[PDB]
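Starting off, we have a lone chain in the form deposited in one PDB entry, written out as structure tokens.
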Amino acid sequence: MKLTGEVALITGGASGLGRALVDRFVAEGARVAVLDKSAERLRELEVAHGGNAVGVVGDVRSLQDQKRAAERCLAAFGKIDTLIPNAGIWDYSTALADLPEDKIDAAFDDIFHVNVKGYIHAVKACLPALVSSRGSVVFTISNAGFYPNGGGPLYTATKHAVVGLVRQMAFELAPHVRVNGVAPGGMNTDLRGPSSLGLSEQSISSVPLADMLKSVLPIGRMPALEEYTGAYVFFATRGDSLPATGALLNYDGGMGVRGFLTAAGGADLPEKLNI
């Protein structure tokens, strides 16, 4: 186990990547606290992992719930080694032109409150525990944090913003707490949009992501959620990622190195070297 005796706090861990993360982290010897708004799914993750997992119902936008999550984690486990702010909301790539005027201000607050403020409240709440442990923060970014076309202006703005927290928090929490970001590509999760845009109940699993991403990713397929948890274990392992603070790992099937006419340069290499 890369991670025996380590203690993680993960927000948005009752679905999608945050759940796979929880599963992975427990399989690696860690004990995990989850702050999520989803009551039933938090209990589902608790009964799956038998004491190695604590689940706290609450909102990432409330510092208080976040503080509660920290407190419960400390009460359940003794410490926090790794903070993984992760809970998130999409805009479904609604362009600026298509953001209705009566809806922009509300959509703005909703997406930024979860995506950016939710991250800031995770760090504020866990700060005393992370300095105590010399632990580390790993933020879930996205390809939308580096290149356009992965979300509308709201969402691309929020992910670019977390890159800004990666850097500012690596600076500010040094030398006691390390700060890094993982930037996953498309995932088959239960990612939702905001009420403003009537996307509360739209789920990204309902979008033909696997179909689309086959054409676009150099690596010629969308990874399974299992395969997006590895990078987080890396940053959560003391002995492996000690020299990394400030790090931005693009973890997206190579969206930033794709070609202009094809995603991949070497589909026919095996036969070009004729094996």
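The term rigid core refers to the maximal set of C-alpha atoms that superpose within 1.5 Å between the two forms. Note that residue numbering follows the sequence shown and begins at 1.
Another form exists, deposited in another entry; not displayed. Remarks below refer to it.
- Just one residue from the list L130, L165, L191, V114 crosses the 2 Å line for C-alpha shift between the shown form and the other one on a rigid core fit, and it is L191.
- A displacement of 2 angstroms or greater separates the C-alpha positions of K214 between the shown form and the other one, with the rigid core held in common.
- One change in the other form concerns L261 and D211, whose Cα atoms lie at least 3 Å closer than in this form.
- Cα of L261 to Cα of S215: at least 3 Å shorter in the other form than in the shown structure.
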